[PDB]
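Below are the chains, spelled out letter by letter.
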Amino acid sequence: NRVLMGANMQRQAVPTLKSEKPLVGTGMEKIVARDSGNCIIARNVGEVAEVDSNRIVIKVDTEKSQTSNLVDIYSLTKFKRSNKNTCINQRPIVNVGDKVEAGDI
Amino acid sequence: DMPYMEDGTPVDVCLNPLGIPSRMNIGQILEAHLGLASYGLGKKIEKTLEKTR
Amino acid sequence: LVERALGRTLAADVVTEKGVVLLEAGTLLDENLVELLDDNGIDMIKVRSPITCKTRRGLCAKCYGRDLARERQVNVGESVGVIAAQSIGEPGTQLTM
Amino acid sequence: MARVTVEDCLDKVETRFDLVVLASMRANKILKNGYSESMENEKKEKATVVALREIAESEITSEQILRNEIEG
Amino acid sequence: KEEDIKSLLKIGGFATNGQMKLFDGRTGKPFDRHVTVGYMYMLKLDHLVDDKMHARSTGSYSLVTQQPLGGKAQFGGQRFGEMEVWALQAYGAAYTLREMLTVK
Amino acid sequence: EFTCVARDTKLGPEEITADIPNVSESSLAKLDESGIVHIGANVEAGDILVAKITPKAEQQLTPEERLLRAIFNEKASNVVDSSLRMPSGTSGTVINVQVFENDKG
Amino acid sequence: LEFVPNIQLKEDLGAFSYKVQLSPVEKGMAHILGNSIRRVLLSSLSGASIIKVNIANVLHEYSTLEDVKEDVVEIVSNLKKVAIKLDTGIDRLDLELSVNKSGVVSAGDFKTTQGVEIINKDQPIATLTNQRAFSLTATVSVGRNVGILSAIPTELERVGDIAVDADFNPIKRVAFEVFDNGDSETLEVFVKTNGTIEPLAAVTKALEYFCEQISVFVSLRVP
Amino acid sequence: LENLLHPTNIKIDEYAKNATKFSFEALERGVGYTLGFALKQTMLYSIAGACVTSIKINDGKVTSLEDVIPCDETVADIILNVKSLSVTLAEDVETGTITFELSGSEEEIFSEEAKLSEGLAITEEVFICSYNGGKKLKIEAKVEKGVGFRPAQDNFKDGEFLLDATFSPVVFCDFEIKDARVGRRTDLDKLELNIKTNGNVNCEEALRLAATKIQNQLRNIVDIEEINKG
Amino acid sequence: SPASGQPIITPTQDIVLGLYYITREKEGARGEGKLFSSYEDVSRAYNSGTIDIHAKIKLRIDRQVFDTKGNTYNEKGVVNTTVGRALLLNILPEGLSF
Ligand SMILES: [Zn+2]
């Protein structure tokens, strides 16, 4: 009866300014977020070209990737509303010139 | 005003103990124990890192 | 008995098994007098229930007894019906089986 | 409950209902008498409680109170 | 399991409990009976207080019945429903029940 | 996110122009030259976001209203404003102003 | 029968941690001085901090410049964590910042005008992915904490102004312990601050405040 | 630079024999608690004075609390009566000795009895007990002086019922905090003290004496002189 | 309560914990078996920090008590109490027995 409420409640939780990882998790938060289109998973493996808080550029080494276009883009979404009037904005992680792989954040 | 450990750090929240036993959501206690542990392990690394980087 | 009939007035008198009367008719009980019932060994008396009042479309201030909420004889104007109604089904949210 | 309570007043008048009506009549009387000259109601209490105080201190003797309605 | 938590607590340099000694902040004299402490992740729920206050003095009224609106979206007006009538009855509170049904 | 709209009523077209009597240039100060708030103004609890007006008629005003019109030479305006104001108890700032015009014109 | 304490800065250590001491006390009064020091040291000491900022090509907090890995609100949060030291009688002034680099804009790049001080020299303010211009100001002001309620919203005048809330009091931890020496005790107070004040000055200031507040009970008059 | 406020309002009020209620007004937030703790503790446990410590009745011929004596009061009652005597010593002397050596005929007993030593001043006329004119009796009281609360380890060690030491005239502090407002800022404090003493000193001046102790314990670190000016 | 004469404002959850806690006893504690004249004495003592609050002491009391029949007889003497319970002696109004 108590875990029922503990589960029904943590989905009305309101996000805040600076996200802080839990210190006692269950290794499942790695899965939910990745498995919902709020993150930006790199399609092809390469190196960061130029990143700023509006878009990301990735040049792909075609040697170890299938036929590609040598450059792809990802456009960030700053302060887009959502049905409950909560702010949505993605923030980049990577730095200039980093080795990333297909299926990373 | 909050209670504070001997070191000097104060405590943020003051929950109530009478809740837990009656409505048997024990797991919260064990979560607090593990959390204390993690917070100790943090201060350890900090001490080792406040010198000789 | 000394708890079932606390604060309810007495229909008629009560005679000792030794002969002398003990409590008269129309004598509202009270935790002083309710010693005098288990004292002398009594186990049955006649009290004034609202089932046996005689007033039309109402209730007299004696066939009902003590207010049981202010410890006095019921003042005239207390809508007793509503009180008794909601003091029955209210705890019902708890009695389950 | 600043100073006076129903437990006090219930000693002179009775049934705790008659109290309501009698105090209401008295407070209405004290109100319509133009007591509202406005240099007093900001230093003391509303007449609704002045009447209760008056009945507690046993000054008015509500047997008298009704005799102020014929004074209407 | 428990003993793992406990070995970790030891590594950290804490009692083999959660419990520890605390001091009041208004005096400094400690509490007896060492108290539990910990981290205990916490959340805030979407039931803020800014959108539940809603008082009202006088506002619009219902077209077909001439009664106040309801919901704090327009201007509300708190439902003084049926069960609250029996309450004011049992009290014998005639007046406050009367003008609760006409003047208001 | 609020939104105001302008319809064609049977007395005429209503207007969102920043021109409404009985309104100073102070409550209007945070208004641009087009009837719409700036992008950045920290609006308050009850200021104008877009200022509108709608016409009316059928005064046949009371004798006392007539007199007081006749003292201060108070003219009776045929229009009434129905602007858009933040409801009380709120605050904040502005981040985007979408405006959709008319068709076939 | 006469003991009176003197104050000593024994046992410095760590980043900005210290252990101040008062050598002789009255054998019983120690645990009063300890608590008073702690509480007044945690509530009233005033410092200086940034309260209002204006960035160059910005209009509000939820915005974004070009070639900046950061955001505007992330920048405003960075700014709050700068440790500023002001001199005796400044009480208000202006800071400036204009740069044309292509790396990490640390707080050391504030203009080295008079009076001011910037202790937290490592703290990043923003990261410029590419070379570009960047400029802003920030009004530094003295102040003390008062609670989340009795704080005035710090009026804004210009267009791009952006209020920044300010945590003034420079104390982070206090804890005391009392040691017995025979008809006498010694008080041993831990203090940890951001580095914007010196410990001895700090404790002296706190005791000044405290005795100032006590000095009414010597009179039992109004003032 | 906003000039931490000052009380600016006092309402002294006496309500019993050696008892008074002071109330202070408009103190900055939380200050009330610190100023209450300091005041209460130092006024209670760090004031100089003299007080009785030990009682010997019949030179040791009363061992426990269950021994009849030729008067109306059991031993416990006499101990409790004598423990209350308000004595003022002298600076030159460092110990007193109250002697209630009595053999009369069923009399009333008070402080105006009891041949003493030099330097004492019984300060009152508290009643003790009622003689029964029976067999002989004696009472020996020991009086010392100092500061602090000296706890007695054992109750009756050898031949004297030992007590613990008060060493103060102030017998009660019991302070409290309430709320008060000075306008737009309403989170402030309002303190109320309730002191009850023994008679050796009127309450208020005892309060002042305890405040002077603190304000005197910093002269080498603060300027207690200029704080007076204002 | 209108349903039954039982009161309805009794302390409930941890107002009860504290009372039950400070009103227990302990066998070997500090200051055990001491002597005190009145409540203020026990207060002064306990704030000094020598006694354990669960100790057994002896207090001499004297106060009126109301009888059933409207009498009010005096009660006095020495009673073996606990340091905790005496701390509650102040709140009990004159009229109820200790
Ligand atoms: Zn009947």
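Cut-off values and rules
Residues numbered from 1 in each chain as written, not as in the entry; some residues may be left out. Chains lettered and ligands numbered in written order. Part of a larger assembly, values for the part shown. Heavy atoms only, no water. Residues with missing side-chain atoms left out of burial classes, pairs and counts. Pairing = 2+ DSSP bridges. Helix = DSSP H or I, 4+ residues; strand = E, 2+ residues; numbered from the N terminus. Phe/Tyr/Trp six-rings, centres within 6.5 Å; stacked < 30°, edge-to-face > 60°. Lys NZ or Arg CZ within 6 Å of the ring centre and 35° of its normal. Donors = N, O, S within 2.8 Å, 3.2 Å for Na, K, Ca; no water. Buried < 20%, exposed > 50% of the residue type's maximum accessible area, 1.4 Å probe, protein only. Salt bridge = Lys/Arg side-chain N within 4 Å of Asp/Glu carboxyl O.

Per the deposited record, determination of this structure is attributed to cryo-EM, with the resolution reported as 3.46 Å.

What about the sheet that holds strand β3 (residues 72-82) of chain I?
Residues and elements named next belong to chain I. Spatially, β1-β2-β3 is the arrangement adopted by the 3 strands of the open sheet, whose pairing is mixed. Each of the sheet's edge strands pairs with one partner strand only, and the pair in question is β1 (35-36) and β3. In this sheet, β3 lies alongside strand β2 (residues 56-66) in antiparallel orientation, the contact comprising 11 bridges. Bridge assignment links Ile57 to a residue of β3, and that residue is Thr81.

Examining the environment of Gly34 of chain D
Inspection of the secondary structure assignment puts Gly34 of chain D in the loop between α2 (18-32) and α3 (47-56). When the C-alpha atoms of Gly34 of chain D and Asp11 of chain D are compared, they prove to be 30 Å apart, with 23 residues separating the residues in sequence.

As for the packing of aromatic side chains
Under the counting rule described, the total for this entry stands at 8 aromatic pairs over all chains. The ring of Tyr33 of chain H carries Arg26 of chain E above its face, with NZ or CZ at 4.0 Å from the centroid. One cation-aromatic arrangement involves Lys21 of chain H over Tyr15 of chain H; the distance from NZ or CZ to the ring centre is 5.6 Å.

Some remarks on the coordination of the zinc ion
Residue and element names in this part refer to chain C. The coordination sphere of the zinc ion, as far as protein atoms go, consists of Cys53 (SG), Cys60 (SG) and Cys63 (SG), spread over 2.2 to 2.4 Å. Look at where the donors of the zinc ion fall in the sequence and you get C-x6-C-x2-C. Using a relative accessible area of 25% as the deciding quantity, one classes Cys60 as partly exposed.

Focus on the pattern of salt bridges
For the structure on display, the rule yields 26 salt bridges over all chains. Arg150 of chain H is paired through a salt bridge with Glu144 of chain H; the nearest N and O atoms lie 3.4 Å apart. Classification of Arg150 of chain H as partly exposed rests on a relative accessible area of 38%. The structure contains a network of salt bridges with shared partners spanning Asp1 of chain B, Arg26 of chain E together with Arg39 of chain G.

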